[PDB]
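Protein chains in written order, with the numbering used here: chain A, 49 to 540; chain B, 544 to 1033; chain C, 624 to 1111; chain D, 544 to 1033. Every residue, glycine too, gets a C-beta built ideally from N, C-alpha and C. In what follows, a structure is listed as structure tokens, so that the remarks can point back to it.
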Amino acid sequence: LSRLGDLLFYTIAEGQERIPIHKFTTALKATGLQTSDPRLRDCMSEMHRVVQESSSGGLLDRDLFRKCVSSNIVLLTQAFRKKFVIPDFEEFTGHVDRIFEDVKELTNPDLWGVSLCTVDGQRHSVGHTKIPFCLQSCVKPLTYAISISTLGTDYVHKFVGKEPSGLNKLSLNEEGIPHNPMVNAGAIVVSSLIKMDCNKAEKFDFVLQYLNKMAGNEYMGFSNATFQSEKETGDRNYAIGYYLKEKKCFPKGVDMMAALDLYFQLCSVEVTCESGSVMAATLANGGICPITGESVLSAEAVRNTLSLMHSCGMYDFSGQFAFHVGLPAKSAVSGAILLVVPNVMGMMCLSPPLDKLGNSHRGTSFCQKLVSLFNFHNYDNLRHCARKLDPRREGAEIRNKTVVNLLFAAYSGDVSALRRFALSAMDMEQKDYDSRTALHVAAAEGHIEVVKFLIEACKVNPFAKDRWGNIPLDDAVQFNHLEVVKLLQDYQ
Amino acid sequence: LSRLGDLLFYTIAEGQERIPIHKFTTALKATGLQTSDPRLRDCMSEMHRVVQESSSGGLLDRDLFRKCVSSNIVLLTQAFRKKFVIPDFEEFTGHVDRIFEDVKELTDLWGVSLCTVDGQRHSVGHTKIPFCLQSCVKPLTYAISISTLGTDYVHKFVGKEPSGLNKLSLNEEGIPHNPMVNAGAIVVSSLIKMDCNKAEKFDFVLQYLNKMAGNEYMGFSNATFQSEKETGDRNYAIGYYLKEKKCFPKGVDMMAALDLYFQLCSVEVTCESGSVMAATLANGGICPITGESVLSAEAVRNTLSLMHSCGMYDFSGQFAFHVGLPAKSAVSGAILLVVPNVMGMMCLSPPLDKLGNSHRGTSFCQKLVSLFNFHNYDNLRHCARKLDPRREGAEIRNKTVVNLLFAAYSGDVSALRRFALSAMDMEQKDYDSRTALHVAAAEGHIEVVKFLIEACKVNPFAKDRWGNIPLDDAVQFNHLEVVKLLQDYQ
Amino acid sequence: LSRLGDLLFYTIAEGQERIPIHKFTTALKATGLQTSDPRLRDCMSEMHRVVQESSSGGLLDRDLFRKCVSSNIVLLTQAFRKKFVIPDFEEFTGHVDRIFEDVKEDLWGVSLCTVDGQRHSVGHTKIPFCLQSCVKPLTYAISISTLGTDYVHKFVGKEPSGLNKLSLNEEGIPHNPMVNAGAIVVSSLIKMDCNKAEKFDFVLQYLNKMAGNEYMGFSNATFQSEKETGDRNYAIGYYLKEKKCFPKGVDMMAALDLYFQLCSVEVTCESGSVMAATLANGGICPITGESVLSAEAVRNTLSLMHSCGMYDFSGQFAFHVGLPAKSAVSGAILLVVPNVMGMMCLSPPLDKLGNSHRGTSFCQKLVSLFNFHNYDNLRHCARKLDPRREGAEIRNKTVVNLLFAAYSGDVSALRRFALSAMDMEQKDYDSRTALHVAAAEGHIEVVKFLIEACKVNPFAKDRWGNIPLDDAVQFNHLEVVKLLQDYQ
Amino acid sequence: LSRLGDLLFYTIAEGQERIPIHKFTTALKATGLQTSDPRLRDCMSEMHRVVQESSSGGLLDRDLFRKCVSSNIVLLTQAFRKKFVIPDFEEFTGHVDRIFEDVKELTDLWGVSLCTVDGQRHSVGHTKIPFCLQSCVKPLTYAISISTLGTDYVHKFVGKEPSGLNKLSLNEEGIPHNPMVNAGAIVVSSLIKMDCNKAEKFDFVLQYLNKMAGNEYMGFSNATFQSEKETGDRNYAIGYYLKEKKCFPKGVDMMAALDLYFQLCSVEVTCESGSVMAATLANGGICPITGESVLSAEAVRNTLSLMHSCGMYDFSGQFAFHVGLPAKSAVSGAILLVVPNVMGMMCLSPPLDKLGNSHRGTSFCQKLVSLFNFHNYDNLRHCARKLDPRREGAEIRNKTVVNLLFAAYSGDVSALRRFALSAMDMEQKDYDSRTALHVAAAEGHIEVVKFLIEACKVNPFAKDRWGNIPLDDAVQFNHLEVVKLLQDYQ
């Protein structure tokens, strides 16, 4: 079949047929795809092989490119066709950069970093993003997602609730189970449901097996210093664990200290921001890892977890986060916040300083400045973006589209449609590709019934100069009609 | 001369030379839009006037058909291009009737209505029966307050988080928990323009509700206005407590403010009018069917966030999990529901459950979101077993002629190269009857014109109604270099 | 029938056989009874009649007593016989005066009425003040007696709240009559078929007998107020209306209105002190002896007044003071010392917990010095004084048993005194000790224990100058002399 | 001289010259005191010593009776003068057995024991069966802490007021609610001498409980000490939380604390031994039957105030109202009762109520207080329908010979005049063969002598043991005025 691989090369090769692979590496990082991306592992392999077989020793041509690429071409076109979920990435990251650099004033204070992974695998990172940190209680949804997928939607919720507590605060819901999996009592109970017929060592690696697919096989360590600690200092969880033992809310035939010990292992799992960003991007992508395409979690599992981060993710501040930011998140005592922008991207941030409610100061400030500028809120309308940008669509696409539809209804007499653009505060002064406007477009025919609304209602300035410098008065003379001309002399 | 405008006759007529009028109404009935649509009255009036007077009588020819449908081509092409949010409306509602009969088995007055953000309406069951907005005006009242006053001012007198486990409870700030309970509904109702009498105050809010509703039916039932003022024991109890704590603003009478909340609760609507108000919240503060900016952007966002969390009283938490759509219920048996960026809905079933929410309504909503991929945190792309009627497929952001002409204006050849990969045809013409070539020729971009003539094999002999050859336009701009290259083609 | 009336005159008249009645007034105020006492009403009319008729012009002899004095003799002897519940009253009030003046370091007063009718007042006790929420126990007592214990508590609880405070108990009724919700409900249980004017006087009828017909005013300025400002109670009343916790066929606005009348009832400290002495007694007023309240009405009111009476000191007051009390925003506290006395205090300055500063400080200093706490042991008073018994009563009694046990050779009993921290160096009327008693009888085992265990000082000198060694010469016993010679 | 001990023979013997021993056993059994009473052992030994080593055997003559009882007359006379707090003991317990049978029809271990503050003991039912003080040691532990440490120190680490909210929490200051719930019981156990090992810690408290009990039976059941350490999930949950919040003092570990608290909870007593510990709280920190100052005055006051409100778990509010006595219950089925200044009591019945109190034991307490005036706010004098065996009406402050002698010493004639009003004879005498006149004669008060000689006609020449006529003392003191007045009689 005459596959479009040659067409891909033509877009890449603006000039001669012989292009270096070094030039192919750039314009692939422009789309925010790293050279080391797993999704294109089978592509870069043959590119390095050709250094010896080819006489030119590096200068790729059109024919050789087709053979190396394969059924994965569909993903390869999408990157250069700008059909990912965030085109104009170079500008998008630049705005993520200015937000990041702005909050430096807001007070290891030097530790300050944020990373992000788009649902299409596109990614960017700024600041100290490669300093590992523990997922201190950030693994509660990860554990809950693993349990709910493998066991069933009802089984996991016979033993823990699905709605917040409203007040730490060791207590149970009305039914006799912990309020939600986002608190210690629920996180401990759900942790005890995973692989109940296995030992401590085997259970931990099975859960950790689900990680590194959630994380796309970036770094995932199991630190011991945090594991030895928090077992001597885990009095809060010992109190919860014994309380949960007393209230008999564990499953039948389950050890309690063993369940606690596994829970302490998970909290000690150490990740960087880059690996953290790729994590929860699989949550955005509905249980399928973006950076590799592996189906990690079930469809319901990623639905249930995201609703719970919205409710209980940020502890006491969850109510305000659900209002000012309206994104699922999960915070840690380490000073790092997990963030999910469903259908768009996943993001993780790091700043050690922490505010009174268990959340980072810079981290929460960053999430606020972000949603305020990029239409990310859950109930922000996608069509009427207002001053907020929509990275889901390439820049100026909506701005140019509105003009073309506005100018379209010249001669058929669609008077009514003009009202909605005007009454929606849409600017009538926008100039199209040829410097035309609905006033210029309609003023050519000289039928007063249409242009009458524009002057009377919109009060639009008719003194604008087109690219040719001609005024509609000359156009009317060019079309042999004088009646409309009388109205034109008015307004001054 | 003939172009995409004309196909409206061909697609409806199947090429038939003359069509009956009832075909157009039946065809237009599909795709959702109703004959009485505020944006289609021109066609209805223009249809009856000429047809009954013209000698042609009950037959529509091409010239006759074009002018009658000429008034609303932007909507009619949108409806017939299937550019609406739900282009499978004939079958999307076909699902809704089977679910409607399904909830009958579980448990006389049962009706549901819907209205998409593009104005597509459907209704089944007793949807015309009026009923009182007992509690559904709480978001609507709160939305009005945000727009004129603001979120910072409105929330000094009320919180923004669920209360949980129940009156006479306040947050740590000394204000009611949120505007979605009786306590918070009173305080926001008091905030609305405390400088005019009660009667004018009611009509101000009633004016918004009609604009939010888009001028469909509304009522002000006095048989519930008085029957509550003589029975609102809990409301009176709440009101007295608020003024003790100085919760109301300065210079506000509790009895007047507490009477206004009673006036609004007594407003009467149907499923049809209510669904449009819901669809006004889905559409970001613009009526789907009349296109006015009734509300501010920040108002509807705050309204939906609180409707999601605090909407359904005690069942709010479970509803945000199984269904995840902002909603609001009332003792009358009606559930308001908002699907952001998609549609709005309203149900009605007088029987209720122990938690104060309608059983058929909540049964219907659960059976809906489980099938149509509408949950807030359900994902696009990976629909799983759920149907996704928001798009037949491909992309709603596919190739268009607009990006070319502005790409030519800006000199972004790379975008043109990206468009070239999609086997895009350059022959699609707007008013210009010109491809991207002229704009680059006018600008003088040397690389763009060379790319277009060679890479795409564009016709240089394209005519235009304005009567100027592309070479002539370049002459005024002194693009001498462009002249030589273009002339070399022949 | 040789009645003991003439014996009363002899103790009253230490001198000649004809005494002026002016001297009878004094020594009747020393016992803390006022000349205006209702119990001796008939006496006052009779005494003044013969002051003018008698040729002596006031002098009173024995023969008059047997005729004019009457059934009130049994009470009249009780005052001079010191058989009331608080003898040595002149010293007792001096300490209450001491506490009063001490807490000072402009309106400040306290009054007290003993359960036997005895009474004292100091400060600004005569300035009237409203009875704001101090009527809550009084209305509950009136309601609980007339209706029944089961009826009144179908509609209000008997439990505290420990938390304004708008909520109901688990059963669906307000927690207790000591809160506004419970206080308003009990108000609605009184005289179902009567009107606002008739109900209020029937309740006020009880209050007048409660106070022994002392001043009972119904101010209007506070009644007009608290109906405009009663939003808290309107909120409660409508709340109680909504919850349907009122009795069948009862209007809510009227029940609220009656409640506002009671709070506006105005009393002085003197009148308020006689109040809380009726229910210090078992529903019998001391100053009149009339049965005001039922037996199982003062038991319930005091139990609830202890639990819930004070507002936020309730837990601490039941610990540091342990007395039923009720406080008001006016700055006045009602006190009950069951079986002892009633009491009321006044100081406007009110602390952050809704209770008076000087008032609560006074109750602290009082109970700390006078054995009034509920679980203070009566027999082992420690450093706390006991007004129930006259001074030097137990102290002298312990000496006699300590010295008498020595005579019997009761060595075992002597262990209890010493090991109970009691001072064994106590001197009797004639300066003897147990060592002296044992020395006389020659109980060798007794004297040995005192020297070894008690370490008694042998330097004690009797009034005659005799030393225990000298008594040996009187009776000529040798064996104990050798033991006595030791220890020095 | 005629010592009062002879009257004890006459009243027991009814004037009979010779008494059998078995008569005395029943006679002393009445008035409450048991043969094994620590304060009556000397009489019992001397009673048995002569009987088994004399020809007379089991018979007591007057001289034999006087010398044997001489060591214990002050308590034996108290028992036979009916000076005990319950002089009607033979019938007071006769009531207790009928109530005992009446409650013994509800739904078997059922036993009750009592001990008065004067050491009168009675028991009925299975009172000898031991059981563990599961929760009843909470007041006892708290009392020990107050005495050595103080109320200010002990309550820095625990509040002093109930909770009403089983519920791991803290009142308002980062400390447990009260020492009567499991959370507060643990903190006080940690406060007791945190400078020595666990085992010595247990025996220090056990030493107090022996003295509070007065040396009756106690046990240390290890089958409950271990069975709670391997099952005390609630206690471990509470303990872990306390150290997180730094509620324990400095230099304390939760490991030791729960070990001690389970040791104390596992101490074993019977109804008899427990009742005396209760009666030790009645008598203000002194054992009734042995007279040791085990506790401080402020310790038992604080203990009883907290036992009143917090003693029962959730039935306490309804218990402080219907019964009003300080009490304490345990899962074993035993209720500890303290009737201040009267007696202590302990019950035992395994089956419980919904709130963890014994059904057959709690009904008995209500049926008791309803009949015997013991409610904290029942009134003396006006007993209503309730029996009052405390003093059956009489004045405890009745006239005595002691007041005359000390009144004579101080010269307060008015007190003597008050005594004279009662027609009482001033010839009542102490051991020393001296009436009030001798004391007055020694002092030389002129007015007192005139009152005594005439108001009562008392002999002034009565002989005395000390062997000197009072006139001779006056002659020694040169009270010439007294001489002539005294001589005027002859």
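DSSP state of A444 (chain A) mapped onto helix, strand, coil = Reading the first sequence from its first residue, position 396 is the one you call residue 444 (chain A). In the three-state reduction of the DSSP assignment, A444 (chain A) falls in the coil class, being assigned neither a helical nor a strand state.
message = Does the CB of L1107 (chain C) have a neighbour CB from chain D at under 9 Å?
response = Along the third sequence, one-based indexing puts residue 1107 (chain C) at 484. Using a CB distance cut-off of 9 Å, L1107 (chain C) does not count as an interface residue toward chain D.
query = Any chance the stretch 610-618 of chain B sits against the stretch 913-925 of chain B, with 3 or more Cβ pairs inside 8 Å?
reply = Not touching, per the Cβ criterion.
inquiry  = Considering just the uninterrupted stretch of the alpha helix (DSSP H) at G411 (chain A), what are its terminal residues?
reply    = One-based indexing of the first sequence puts residue 411 (chain A) at position 363. Segment 409-422, the alpha helix (DSSP H) holding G411 (chain A).
query = At least one CB of chain B closer than 9 Å to the CB of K759 (chain C): is that the case?
reply = Position 136 of the third sequence holds residue 759 (chain C). Contact of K759 (chain C) with chain B is not assigned, every C-beta pair being separated by 9 Å or more.
key: Inter-stretch contact at 8 Å, needing at least 3 Cβ pairs: the stretch 520-539 of chain A / the stretch 556-576 of chain B   = Touching, no, given that fewer than three Cβ pairs across the two stretches are closer than 8 Å.
Below-9 Å beta-carbon distance, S965 (chain D) vs any chain C residue = Residue 965 (chain D) sits at position 422 when you count from the first residue of the fourth sequence. So, interface residue.
ask   = Ends of the alpha helix (DSSP H) at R1038 (chain C)?
value = Here residue 1038 (chain C) refers to the residue found at position 415 of the third sequence. First-last of the alpha helix (DSSP H) with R1038 (chain C): 1034-1042.
query = Comparing the C-beta of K897 (chain B) with each C-beta of chain C, is any distance below 9 Å?
reply = The residue you call residue 897 (chain B) lines up with position 354 of the second sequence. By this cut-off, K897 (chain B) is not an interface position.
task = Pull up the distance between the alpha-carbon of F763 (chain B) and that of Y459 (chain A), whole angstroms please.
result = Residue numbering aside, residue 763 (chain B) sits at position 220 when the second sequence is read from its first letter. Residue numbering aside, residue 459 (chain A) sits at position 411 when the first sequence is read from its first letter. A straight line joining the alpha-carbon of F763 (chain B) with that of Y459 (chain A) spans about 44 Å.
task = Please classify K814 (chain C): does DSSP put it in a helix, a strand, or coil?
result = Against the third sequence, residue 814 (chain C) aligns to sequence position 191. In the structure shown, the three-state DSSP call for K814 (chain C) is coil.
ask   = Beta-carbon of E771 (chain D) versus every beta-carbon of chain A: anything under 9 Å?
value = Taking the first residue of the fourth sequence as 1, we reach residue 771 (chain D) at position 228. Output row for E771 (chain D): interface = no.
For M92 (chain A), the residue or residues it bridges with in DSSP = The residue given as residue 92 (chain A) occupies position 44 in the first sequence. Answer is none; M92 (chain A) lacks a bridge partner.
key: Alpha carbon of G827 (chain B) to alpha carbon of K417 (chain A), nearest angstrom   = Here residue 827 (chain B) corresponds to residue number 284 of the second sequence, with the count starting at 1. Here residue 417 (chain A) corresponds to residue number 369 of the first sequence, with the count starting at 1. So the alpha carbons of these two residues sit roughly 21 Å apart.
Spatially closest choice to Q861 (chain D) from D:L898, D:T833, D:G887, D:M888, by CA coordinates = Reading the fourth sequence from its first residue, position 318 is the one you call residue 861 (chain D). Relative to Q861 (chain D), the option among D:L898, D:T833, D:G887, D:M888 whose CA is nearest is D:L898.
key: Cβ-based burial, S744 (chain C) [other Cβ within 10 Å; buried from 16]   = For this step, residue 744 (chain C) is matched to residue 121 along the third sequence. With at least 16 other beta carbons inside 10 angstroms of its own, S744 (chain C) counts as buried.
message = Strictly below 9 Å CB to CB, what residues from chain A border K625 (chain D)?
response = Along the fourth sequence, read from residue 1 onward, the residue named residue 625 (chain D) stands at position 82. Per Cβ cutoff of 9 Å: no residues; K625 (chain D) is ~54 Å from chain A at best.
query = Among residues of its own chain, excluding the 5 on either side of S688 (chain B), which ones have a beta-carbon nearer than 7 Å to its beta-carbon?
reply = Against the second sequence, residue 688 (chain B) aligns to sequence position 145. So the qualifying residues of the chain are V697, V731, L734, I735.
task = Evaluate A766 (chain B) with the Cβ neighbour count: other Cβ atoms within 10 Å of its Cβ, from every protein chain shown; 16 or more gives buried, anything less gives exposed.
result = Numbered from its first residue, the second sequence carries residue 766 (chain B) at position 223. For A766 (chain B), the number of other beta carbons within 10 angstroms of its own is below 16, and it is reported as exposed.
Nearest residue (CA-CA) to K296 (chain A), options A:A233, A:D245, A:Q257, A:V388 = On the first sequence, position 248 is the one that residue 296 (chain A) refers to. For the residues A:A233, A:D245, A:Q257, A:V388, the minimum Cα distance to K296 (chain A) belongs to A:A233.
message = Give me the residue from C:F688, C:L1073, C:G655 with the minimum Cα distance to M667 (chain C).
response = Against the third sequence, residue 667 (chain C) aligns to sequence position 44. Per the Cα distances, C:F688.
inquiry  = Rounded to whole angstroms, what is the Cα-Cα separation between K972 (chain D) and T978 (chain D)?
reply    = Here residue 972 (chain D) refers to the residue found at position 429 when the fourth sequence is read from its first residue. Here residue 978 (chain D) refers to the residue found at position 435 when the fourth sequence is read from its first residue. Cα to Cα, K972 (chain D) sits roughly 5 Å from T978 (chain D).
query = Hey, which unbroken runs of the alpha helix (DSSP H) at 4 residues or more fall wholly within the stretch 753-824 of chain C?
reply = Entirely contained in the stretch 753-824 of chain C, the alpha helix (DSSP H) runs reaching 4 residues are, in chain order, 758-770, 772-775, 803-810.
key: chain C contact for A840 (chain D) (CB, 9 Å cutoff)   = As a working note, residue 840 (chain D) is residue 297 in the fourth sequence. Chain C, which has a Cβ nearer than 9 Å to the Cβ of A840 (chain D), makes this yes.
inquiry  = On the criterion of 16 or more Cβ atoms from any shown chain inside 10 Å, does residue 510 (chain B) qualify as buried, or is it exposed?
reply    = Lying outside 544 to 1033, the shown extent of chain B, residue 510 (chain B) is not represented and no answer is given.
query = From the beta carbon of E596 (chain D), is the nearest beta carbon of chain C less than 9 Å away?
reply = By 1-based counting over the fourth sequence, the position of residue 596 (chain D) is 53. With respect to chain C, the C-beta atom of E596 (chain D) has no partner C-beta closer than 9 Å.
ask   = If you check the beta carbons only, do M474 (chain A) and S359 (chain A) fall under 9 Å apart?
value = Taking the first sequence and counting its residues from 1, the one referred to as residue 474 (chain A) is at position 426. Taking the first sequence and counting its residues from 1, the one referred to as residue 359 (chain A) is at position 311. Here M474 (chain A) is not near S359 (chain A), since their CB atoms are 9 Å or more apart.
message = Can you tell me whether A650 (chain C) is helix, strand or coil according to DSSP?
response = As a working mapping, residue 650 (chain C) is identified with position 27 in the third sequence. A650 (chain C): coil per DSSP, three-state reduction.
query = Are the beta-carbon atoms belonging to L683 (chain D) and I729 (chain D) less than 9 Å from one another?
reply = By one-based count along the fourth sequence, residue 683 (chain D) stands at place 140. By one-based count along the fourth sequence, residue 729 (chain D) stands at place 186. Result no, Cβ atoms of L683 (chain D) and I729 (chain D) do not sit closer than 9 Å.
inquiry  = Here's the rule: buried if 16 or more other CB atoms are within 10 angstroms of the residue's CB, otherwise exposed. What is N709 (chain B)?
reply    = For the purposes of this step, residue 709 (chain B) is taken as residue 166 along the second sequence, with counting starting at 1. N709 (chain B) should be labelled exposed.
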